[PDB]
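This report concerns only the one structure given below.
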Amino acid sequence: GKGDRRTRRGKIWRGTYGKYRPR
Amino acid sequence: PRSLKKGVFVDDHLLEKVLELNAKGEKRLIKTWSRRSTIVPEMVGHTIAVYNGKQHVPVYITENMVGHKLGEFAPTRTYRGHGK
Amino acid sequence: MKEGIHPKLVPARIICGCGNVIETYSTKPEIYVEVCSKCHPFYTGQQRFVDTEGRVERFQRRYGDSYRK
Amino acid sequence: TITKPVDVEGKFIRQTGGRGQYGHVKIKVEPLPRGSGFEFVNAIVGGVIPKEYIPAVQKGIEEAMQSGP
Amino acid sequence: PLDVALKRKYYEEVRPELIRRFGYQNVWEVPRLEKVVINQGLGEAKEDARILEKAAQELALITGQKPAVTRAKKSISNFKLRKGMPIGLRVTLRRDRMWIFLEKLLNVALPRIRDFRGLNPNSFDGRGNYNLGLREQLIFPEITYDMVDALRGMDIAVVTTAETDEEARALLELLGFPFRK
Amino acid sequence: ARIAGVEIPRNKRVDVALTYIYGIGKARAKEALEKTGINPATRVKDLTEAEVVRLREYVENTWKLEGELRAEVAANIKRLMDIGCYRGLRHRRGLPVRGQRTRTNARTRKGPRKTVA
RNA sequence: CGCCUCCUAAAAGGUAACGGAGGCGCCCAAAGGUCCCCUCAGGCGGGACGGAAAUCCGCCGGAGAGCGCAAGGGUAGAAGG
RNA sequence: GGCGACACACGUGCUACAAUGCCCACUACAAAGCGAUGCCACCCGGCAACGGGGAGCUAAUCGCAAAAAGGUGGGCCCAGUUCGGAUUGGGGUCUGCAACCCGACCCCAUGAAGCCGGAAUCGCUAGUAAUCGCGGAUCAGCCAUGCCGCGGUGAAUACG
RNA sequence: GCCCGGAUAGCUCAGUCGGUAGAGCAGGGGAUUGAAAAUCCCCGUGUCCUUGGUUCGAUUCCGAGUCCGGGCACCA
Ligand SMILES: [Mg+2]
Ligand SMILES: [Mg+2]
Ligand SMILES: [Mg+2]
Ligand SMILES: [Mg+2]
Ligand SMILES: [Mg+2]
Ligand SMILES: [Mg+2]
Ligand SMILES: [Mg+2]
Ligand SMILES: [Mg+2]
Ligand SMILES: [Mg+2]
Ligand SMILES: [Mg+2]
Ligand SMILES: [Mg+2]
Ligand SMILES: [Mg+2]
Ligand SMILES: [Mg+2]
Ligand SMILES: [Mg+2]
Ligand SMILES: [Mg+2]
Ligand SMILES: [Mg+2]
Ligand SMILES: [Mg+2]
Ligand SMILES: [Mg+2]
Ligand SMILES: [Mg+2]
Ligand SMILES: [Mg+2]
Ligand SMILES: [Mg+2]
Ligand SMILES: [Mg+2]
Ligand SMILES: [Mg+2]
Ligand SMILES: [Mg+2]
Ligand SMILES: [Mg+2]
Ligand SMILES: [Mg+2]
Ligand SMILES: [Mg+2]
Ligand SMILES: [Mg+2]
Ligand SMILES: [Mg+2]
Ligand SMILES: [Mg+2]
Ligand SMILES: [Mg+2]
Ligand SMILES: [Mg+2]
Ligand SMILES: [Mg+2]
Ligand SMILES: [Mg+2]
Ligand SMILES: [Mg+2]
Ligand SMILES: [Mg+2]
Ligand SMILES: [Mg+2]
Ligand SMILES: [Zn+2]
């Protein structure tokens, strides 16, 4: 679901972080 | 959009040209090149000439246009249509 | 009027959302409702609910007079 | 000589087995102030028609000018 | 008849307000509601599922009154329209039931319209009567979601003894007809 | 048309049932089941009119949704159009707004390919 | 090539030409009997989708509508619905 | 200002069309490189982008650093959906003189096409294909889904 | 001039006795070729000759015109 920035999966793909992938 | 940390951006070689008229004598033709300039509250009601790579475009300014630049009101590519 | 074919209208009880009670008549003698006339934003003065937005656009934008002269 | 500028096409395409033949040219032609001469503008953009096929596409417009309609 | 809220409001609160405003010299000269007539303009009942007594339960529940069918006056090509074709339901409301419908029309339904910016302050007959056009029918209190099969709006004709728009305006106003502008 | 202007799909959880409304995404379905205090793993059908009205008043009052949100959206677009800026010009024609390329692709802002002879 | 309608036909009837124009060789079990009840086209204003024209409300409208089909006569104080 | 145009046509790719699937939380196992106006621990602030601090390291020292798929349990139950993430609205974060043309990133709302693709046609013979993530060159930033490298899990078939 | 018939897609022709029209070829998109044919997958599309009329509606039914094909103009 990698074009989905609204998720872990999609934020890993783009290699970023946020509320949706917290570090 | 820019980072609010900094103050909004205006070339300062134009805003001097926005304010000097308000107290000297409003107004004549302001021929600019700074398409990058946020539209200031003090510009409103004025006529300024935004360049588009060849031609100085007349842009009269209203209280519904301010946040956007001077470049949004002078497109550079001239298109018309296709296959007409 | 004509028998057999008309929905019988009876003493009815419409309860709205804002706790509003109306005492009209109907074909269903108790009825429950979303929004109405003692609550709808157009009916109670000027409740813009959330959005007195308004013409904040534009130059309320100020922020600020932060350019030298 | 003519009495109103026109824009026309010339499609010489004969493809039916290798044999060849493709020659395509669209032009504008207008009447000059009399006494002028023959004016020829290579307003071809890029190589849409290759450089080599332009000497002999004047020599074809030029040749067929020897006899008016 | 029977005691009903919007009627009491007409007689003991709406009348005298008017009587002031326009200075009528006679108790009959003073605006009354003549009748209210609802009409599903319809025609989706042409060559398609012709029988829609479904709509006529929709009205039926709204008004407490079963509507009459309107048949096609003249045949028409471009509307897929054969003369004699049922192309609309129509119901004529007077007296108590007019009051009752109008009662719930204003206390409930027009609010229950999405995007309700208020009734058109221009829809006036030129001779004292007024018209509003509705877009669907869940709008009304007794019409639910698990009953609908389609979205049939309707026309509403509010017909009145006023001789001028001015007087008509005042009347409907006083009863609480929301006038956008 | 219970909450808000659109009735919600029973049998399916509420934290998505409220996403089945224009203007309300999963993070807003997130914050409204903690602020009106209803368990998110209960269906629309296993409610009481208590939970319903707490939800309906809360949801409807806080933000703006449905036609009104739409109203302001297109209005925002309309003003952008009216001036009229680049950001609005590309609403006039039907070409991308956010600075795209269109030589190929762009088939959503443009739709069905108008194949040309 | 028979039959119908109008004109020619000279204000009764009738009246010709390879004179001017059109129609008929059907139809309808209701499109018949009778009782009862309704009145049109069109114009303007009003009204969701709905448009020149669908259906709805108002005002004006003596007949210009309708009368299965040509035309003519007739016709709402009905022959119309 | 343009090389980012858009009626259109082709190439190579990414991401999908779901249940051997997708989300949320808990817990594991890589390599190869990179890093002194560079890498940034941990602490706090904000849902976050990031910002204010601030320890250590010219680095088999400190770091970038979680690898991901997977394993444990729970949630959705075949729906254009808790598949899909395009497009659009508003608000933000950093680079940089400046983000309109024309930047990446975050969050809020939007939740399109796409139900496995005509004719045609590519790759692959084993740690290969397939799938999963990491690094670097370039570089202020990044339009990388590109490129060159890294390891994780790990097939099928070859009569002829 | 008289009699019959015909005008429907770029071309050559089906069809309609009333509502939304077809074939072959040419033309357009793509596949195939080093390339051009040939082949393969998709394509569309006409105010159905002009005019007047009957119909709610006409390519269609009725009158007329035009151009075209056929035939006849004899005793003289
Ligand atoms: Mg995948
Ligand atoms: Mg100042
Ligand atoms: Mg040869
Ligand atoms: Mg009016
Ligand atoms: Mg009146
Ligand atoms: Mg939603
Ligand atoms: Mg006589
Ligand atoms: Mg006699
Ligand atoms: Mg005679
Ligand atoms: Mg009869
Ligand atoms: Mg009779
Ligand atoms: Mg009878
Ligand atoms: Mg009339
Ligand atoms: Mg009208
Ligand atoms: Mg309709
Ligand atoms: Mg008559
Ligand atoms: Mg006839
Ligand atoms: Mg440039
Ligand atoms: Mg380029
Ligand atoms: Mg393609
Ligand atoms: Mg790519
Ligand atoms: Mg959907
Ligand atoms: Mg689909
Ligand atoms: Mg999703
Ligand atoms: Mg934006
Ligand atoms: Mg920029
Ligand atoms: Mg989804
Ligand atoms: Mg499926
Ligand atoms: Mg698949
Ligand atoms: Mg396949
Ligand atoms: Mg080999
Ligand atoms: Mg990488
Ligand atoms: Mg981009
Ligand atoms: Mg032909
Ligand atoms: Mg036709
Ligand atoms: Mg005709
Ligand atoms: Mg002889
Ligand atoms: Zn209420």
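Each chain in the structure tokens gets a letter, A, B, ..., in the order shown, and its residues are numbered from 1; ligands are numbered from 1 in order too.
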How would you report the residues lying within 9 Å of ligand 1, as a list in words, if you count only C-alpha atoms (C1' of nucleotides) and all ligand atoms?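 So, counting only C-alpha atoms (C1' of nucleotides) and all ligand atoms, the residues near ligand 1 are residues 1 and 2 of chain A; 15, 16 and 131 of chain H.
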Those residues you just picked out, can you put them in a file as a PDB file, in the first residue's frame with C-alpha atoms (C1' of nucleotides)?
```pdb
ATOM      1  CA  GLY A   1       0.000   0.000   0.000  1.00  0.00           C
ATOM      2  CA  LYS A   2       3.095   1.969  -0.778  1.00  0.00           C
TER       3      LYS A   2
ATOM      4  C1'   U H  15       1.894   1.538  -7.449  1.00  0.00           C
ATOM      5  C1'   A H  16      -2.593  -1.336  -7.540  1.00  0.00           C
ATOM      6  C1'   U H 131       9.084 -11.218  -3.530  1.00  0.00           C
TER       7        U H 131
END
```
Within 10 Å of ligand 3 (only C-alpha atoms (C1' of nucleotides) and all ligand atoms), residues as a list in words: residues 16, 17, 18, 19 and 20 of chain D
Restricted to N, CA and C atoms, what would the selected residues look like written as an mmCIF file, in the first residue's frame?
```cif
data_model
loop_
_atom_site.group_PDB
_atom_site.id
_atom_site.type_symbol
_atom_site.label_atom_id
_atom_site.label_comp_id
_atom_site.auth_asym_id
_atom_site.auth_seq_id
_atom_site.Cartn_x
_atom_site.Cartn_y
_atom_site.Cartn_z
ATOM 1 N N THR D 16 3.237 1.140 -51.849
ATOM 2 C CA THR D 16 2.648 -0.181 -52.148
ATOM 3 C C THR D 16 3.677 -1.312 -52.453
ATOM 4 N N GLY D 17 4.786 -1.368 -51.695
ATOM 5 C CA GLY D 17 5.787 -2.430 -51.839
ATOM 6 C C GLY D 17 7.296 -2.125 -51.854
ATOM 7 N N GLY D 18 7.757 -1.232 -50.986
ATOM 8 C CA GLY D 18 9.160 -0.855 -50.973
ATOM 9 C C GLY D 18 9.455 0.255 -51.965
ATOM 10 N N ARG D 19 8.900 0.092 -53.161
ATOM 11 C CA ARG D 19 9.095 0.998 -54.291
ATOM 12 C C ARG D 19 9.327 2.466 -53.908
ATOM 13 N N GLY D 20 8.776 2.888 -52.773
ATOM 14 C CA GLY D 20 9.090 4.203 -52.252
ATOM 15 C C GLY D 20 8.051 5.297 -52.425
#
```
Surrounding residues as an MDAnalysis selection string, ligand 14, max 12 Å, only C-alpha atoms (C1' of nucleotides) and all ligand atoms: (chainID E and resid 125) or (chainID G and resid 43:47 50:53 56:58)
Would you mind listing what lies within 9 Å of range 29-35 of chain D as a PDB file with N, CA and C atoms, in the first residue's frame, with only C-alpha atoms (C1' of nucleotides) counted and same-chain residues fewer than 3 positions away left out?
```
ATOM      1  N   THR D   1      -0.070  35.270 -61.803  1.00  0.00           N
ATOM      2  CA  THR D   1       0.161  35.566 -60.405  1.00  0.00           C
ATOM      3  C   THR D   1      -1.211  35.653 -59.714  1.00  0.00           C
ATOM      4  N   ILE D   2      -1.217  35.509 -58.389  1.00  0.00           N
ATOM      5  CA  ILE D   2      -2.465  35.380 -57.639  1.00  0.00           C
ATOM      6  C   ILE D   2      -2.992  36.707 -57.097  1.00  0.00           C
ATOM      7  N   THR D   3      -4.189  36.658 -56.511  1.00  0.00           N
ATOM      8  CA  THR D   3      -4.881  37.847 -56.018  1.00  0.00           C
ATOM      9  C   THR D   3      -5.496  37.634 -54.629  1.00  0.00           C
ATOM     10  N   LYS D   4      -5.071  36.577 -53.940  1.00  0.00           N
ATOM     11  CA  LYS D   4      -5.390  36.367 -52.521  1.00  0.00           C
ATOM     12  C   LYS D   4      -4.489  35.277 -51.938  1.00  0.00           C
ATOM     13  N   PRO D   5      -3.876  35.541 -50.772  1.00  0.00           N
ATOM     14  CA  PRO D   5      -3.006  34.541 -50.144  1.00  0.00           C
ATOM     15  C   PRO D   5      -3.763  33.273 -49.756  1.00  0.00           C
ATOM     16  N   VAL D   6      -3.241  32.113 -50.150  1.00  0.00           N
ATOM     17  CA  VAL D   6      -3.822  30.839 -49.723  1.00  0.00           C
ATOM     18  C   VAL D   6      -2.818  29.971 -48.941  1.00  0.00           C
ATOM     19  N   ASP D   7      -3.334  28.905 -48.340  1.00  0.00           N
ATOM     20  CA  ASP D   7      -2.515  27.937 -47.636  1.00  0.00           C
ATOM     21  C   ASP D   7      -2.946  26.588 -48.168  1.00  0.00           C
ATOM     22  N   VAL D   8      -2.007  25.831 -48.735  1.00  0.00           N
ATOM     23  CA  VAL D   8      -2.354  24.554 -49.371  1.00  0.00           C
ATOM     24  C   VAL D   8      -1.404  23.381 -49.072  1.00  0.00           C
ATOM     25  N   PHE D  38      10.597  36.537 -56.847  1.00  0.00           N
ATOM     26  CA  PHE D  38      10.184  35.275 -56.228  1.00  0.00           C
ATOM     27  C   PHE D  38      10.806  35.102 -54.848  1.00  0.00           C
ATOM     28  N   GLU D  39       9.973  35.098 -53.809  1.00  0.00           N
ATOM     29  CA  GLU D  39      10.475  35.037 -52.436  1.00  0.00           C
ATOM     30  C   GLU D  39      10.209  33.673 -51.805  1.00  0.00           C
TER      31      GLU D  39
END
```
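Of the listed residues B:59, B:74, B:50, B:39, the one whose atoms come nearest to chain C is B:39, with distances taken using only C-alpha atoms.
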If you run DSSP on the backbone, which residues of chain A are alpha helix (DSSP H), as a PyMOL selection string? chain A and resi 8-13
Hey, which bits of chain H sit within 9 Å of ligand 6, and for each residue what's the closest pair of atoms and how far apart in Å (one decimal), counting only C-alpha atoms (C1' of nucleotides) and all ligand atoms, rows by chain and increasing number, as JSON lines?
```
{"residue": "H:109", "atom": "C1'", "partner": "ligand 6", "partner_atom_place_in_ligand_line": "1 (Mg)", "distance": 7.8}
{"residue": "H:110", "atom": "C1'", "partner": "ligand 6", "partner_atom_place_in_ligand_line": "1 (Mg)", "distance": 7.7}
{"residue": "H:111", "atom": "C1'", "partner": "ligand 6", "partner_atom_place_in_ligand_line": "1 (Mg)", "distance": 7.5}
```
Skip range 43-52 of chain F itself and residues of its chain fewer than 2 positions away, then list as a list in words all residues within 9 Å of it, counting only C-alpha atoms (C1' of nucleotides).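 Here the qualifying residues turn out to be residues 2, 3, 8, 9, 10, 11, 12, 13, 14, 17, 36, 37, 38, 40, 41, 54, 55, 56 and 57 of chain F.
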For range 31-34 of chain C, work out the shell of residues within 6 Å, counting only C-alpha atoms (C1' of nucleotides) and skipping chain neighbours fewer than 6 positions away, then give it as an NGL selection string. :C and (14-17)
Determine, using only C-alpha atoms, which residues of chain C have any atom at most 9 Å from an atom of chain E, and tabulate each with its shortest atom pair and distance in Å to one decimal place, rows ordered by chain and then rising number, as a Markdown table.
```
| residue | atom | partner | partner_atom | distance |
| --- | --- | --- | --- | --- |
| C:5 | CA | E:66 | CA | 6.5 |
| C:6 | CA | E:65 | CA | 5.3 |
| C:7 | CA | E:64 | CA | 4.9 |
| C:8 | CA | E:64 | CA | 6.3 |
| C:9 | CA | E:64 | CA | 5.7 |
| C:14 | CA | E:141 | CA | 8.0 |
| C:16 | CA | E:108 | CA | 8.4 |
| C:22 | CA | E:107 | CA | 7.7 |
| C:23 | CA | E:5 | CA | 7.6 |
| C:24 | CA | E:100 | CA | 6.6 |
| C:25 | CA | E:100 | CA | 6.4 |
| C:26 | CA | E:64 | CA | 7.4 |
| C:27 | CA | E:61 | CA | 6.1 |
| C:28 | CA | E:142 | CA | 6.6 |
| C:31 | CA | E:141 | CA | 6.9 |
| C:32 | CA | E:141 | CA | 7.7 |
| C:33 | CA | E:141 | CA | 6.9 |
| C:34 | CA | E:112 | CA | 7.1 |
| C:35 | CA | E:112 | CA | 6.0 |
| C:36 | CA | E:108 | CA | 5.1 |
| C:37 | CA | E:107 | CA | 5.4 |
| C:38 | CA | E:107 | CA | 8.3 |
| C:39 | CA | E:111 | CA | 8.8 |
| C:40 | CA | E:111 | CA | 6.1 |
| C:42 | CA | E:117 | CA | 6.8 |
| C:43 | CA | E:178 | CA | 7.6 |
```
Those residues with N, CA and C atoms, as a compact mmCIF listing (two decimals), in the first residue's frame please?
```txt
# COMPACT_ATOMS: atom_id res chain seq x y z
N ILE C 5 -59.74 5.33 1.14
CA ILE C 5 -58.49 5.63 0.43
C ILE C 5 -57.57 6.63 1.08
N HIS C 6 -58.00 7.23 2.19
CA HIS C 6 -57.18 8.27 2.81
C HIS C 6 -56.42 7.80 4.07
N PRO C 7 -55.13 8.15 4.16
CA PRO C 7 -54.35 7.92 5.37
C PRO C 7 -54.98 8.67 6.54
N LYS C 8 -55.27 7.95 7.62
CA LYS C 8 -55.88 8.58 8.79
C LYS C 8 -54.84 9.47 9.47
N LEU C 9 -55.19 10.75 9.61
CA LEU C 9 -54.34 11.71 10.30
C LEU C 9 -54.73 11.70 11.76
N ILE C 14 -44.05 15.00 17.27
CA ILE C 14 -42.74 15.06 16.64
C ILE C 14 -41.72 15.59 17.62
N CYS C 16 -37.86 16.67 18.05
CA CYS C 16 -36.69 16.97 17.23
C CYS C 16 -35.39 16.54 17.91
N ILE C 22 -42.74 19.28 18.87
CA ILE C 22 -43.82 19.90 18.10
C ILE C 22 -45.12 19.11 18.23
N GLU C 23 -46.24 19.82 18.29
CA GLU C 23 -47.52 19.19 18.53
C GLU C 23 -48.50 19.40 17.37
N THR C 24 -48.08 18.93 16.20
CA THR C 24 -48.90 18.96 15.01
C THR C 24 -49.69 17.67 14.94
N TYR C 25 -50.11 17.30 13.74
CA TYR C 25 -50.79 16.02 13.54
C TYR C 25 -50.07 15.20 12.47
N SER C 26 -50.21 13.88 12.53
CA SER C 26 -49.76 13.07 11.40
C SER C 26 -50.34 11.67 11.28
N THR C 27 -49.75 10.94 10.31
CA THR C 27 -50.11 9.58 9.95
C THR C 27 -49.25 8.56 10.72
N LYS C 28 -48.18 9.05 11.34
CA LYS C 28 -47.45 8.32 12.38
C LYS C 28 -47.43 9.14 13.69
N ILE C 31 -42.98 10.76 16.10
CA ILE C 31 -41.93 10.88 15.08
C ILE C 31 -40.68 11.58 15.59
N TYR C 32 -39.51 11.08 15.18
CA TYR C 32 -38.23 11.61 15.64
C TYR C 32 -37.38 12.18 14.48
N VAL C 33 -36.65 13.26 14.76
CA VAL C 33 -36.17 14.18 13.72
C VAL C 33 -34.71 14.63 13.90
N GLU C 34 -34.01 14.84 12.78
CA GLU C 34 -32.66 15.41 12.80
C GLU C 34 -32.62 16.85 13.33
N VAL C 35 -32.69 17.81 12.42
CA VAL C 35 -32.62 19.25 12.74
C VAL C 35 -33.95 19.97 12.45
N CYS C 36 -34.24 21.05 13.19
CA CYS C 36 -35.45 21.84 12.95
C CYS C 36 -35.38 23.35 13.23
N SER C 37 -36.56 23.94 13.47
CA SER C 37 -36.83 25.39 13.37
C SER C 37 -36.45 26.23 14.58
N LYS C 38 -36.17 25.56 15.69
CA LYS C 38 -35.67 26.22 16.88
C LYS C 38 -34.19 25.90 17.00
N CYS C 39 -33.66 25.15 16.03
CA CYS C 39 -32.23 24.86 15.99
C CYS C 39 -31.52 25.13 14.66
N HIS C 40 -32.21 25.00 13.54
CA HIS C 40 -31.55 25.30 12.27
C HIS C 40 -30.99 26.73 12.23
N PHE C 42 -30.34 28.98 10.26
CA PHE C 42 -30.99 30.08 9.54
C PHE C 42 -32.17 30.63 10.34
N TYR C 43 -32.72 29.77 11.21
CA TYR C 43 -33.92 30.04 12.00
C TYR C 43 -33.63 30.68 13.36
```
Using only C-alpha atoms (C1' of nucleotides) and all ligand atoms, find each protein or nucleic acid residue lying at most 8 Å from ligand 18; present the set as a PyMOL selection string. chain H and resi 1-3+102
Just the residues within 12 Å of residue 6 in chain B, please, counting only C-alpha atoms (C1' of nucleotides), with nothing from its chain fewer than 4 positions along; format it as JSON, numbers by chain. {"B": [1, 2, 10], "C": [63, 64, 66, 67], "H": [94]}
Where does DSSP see strand (DSSP E) in chain C, if you list the residues as JSON, numbers by chain? {"C": [10, 11, 14, 15, 21, 22, 25, 26, 31, 32]}
May I have the selected residues written with C-alpha atoms, as a tab-separated table (two decimals), in the first residue's frame?
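File produced: part23.tsv:
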```
chain	number	residue	atom	x	y	z
C	10	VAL	CA	-54.01	11.49	14.09
C	11	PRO	CA	-52.76	13.62	17.05
C	14	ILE	CA	-42.74	15.06	16.64
C	15	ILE	CA	-39.62	15.16	18.78
C	21	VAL	CA	-41.17	19.10	20.73
C	22	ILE	CA	-43.82	19.90	18.10
C	25	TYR	CA	-50.79	16.02	13.54
C	26	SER	CA	-49.76	13.07	11.40
C	31	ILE	CA	-41.93	10.88	15.08
C	32	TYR	CA	-38.23	11.61	15.64
```
Extract, using only C-alpha atoms (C1' of nucleotides), all DNA, RNA and protein residues at most 8 Å from residue 18 in chain E, discarding same-chain residues fewer than 5 positions from it, and format them as a ChimeraX atom specification. /E:23,30,170-171
Please produce an output containing N, CA and C atoms for each residue in the selection, written as a PDB file, in the first residue's frame.
```
ATOM      1  N   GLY E  23     -54.104  48.377   7.104  1.00  0.00           N
ATOM      2  CA  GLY E  23     -55.263  49.166   7.445  1.00  0.00           C
ATOM      3  C   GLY E  23     -56.533  48.734   6.764  1.00  0.00           C
ATOM      4  N   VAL E  30     -58.955  41.114   4.496  1.00  0.00           N
ATOM      5  CA  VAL E  30     -57.659  40.800   5.111  1.00  0.00           C
ATOM      6  C   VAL E  30     -57.221  39.377   4.789  1.00  0.00           C
ATOM      7  N   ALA E 170     -46.195  39.729   3.438  1.00  0.00           N
ATOM      8  CA  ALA E 170     -46.493  39.913   4.845  1.00  0.00           C
ATOM      9  C   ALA E 170     -47.174  38.676   5.436  1.00  0.00           C
ATOM     10  N   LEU E 171     -48.182  38.161   4.737  1.00  0.00           N
ATOM     11  CA  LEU E 171     -48.983  37.082   5.286  1.00  0.00           C
ATOM     12  C   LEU E 171     -48.100  35.873   5.557  1.00  0.00           C
TER      13      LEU E 171
END
```
Enumerate as a PyMOL selection string the residues within 9 Å of ligand 10, counting only C-alpha atoms (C1' of nucleotides) and all ligand atoms. chain G and resi 28+31-32+67-68
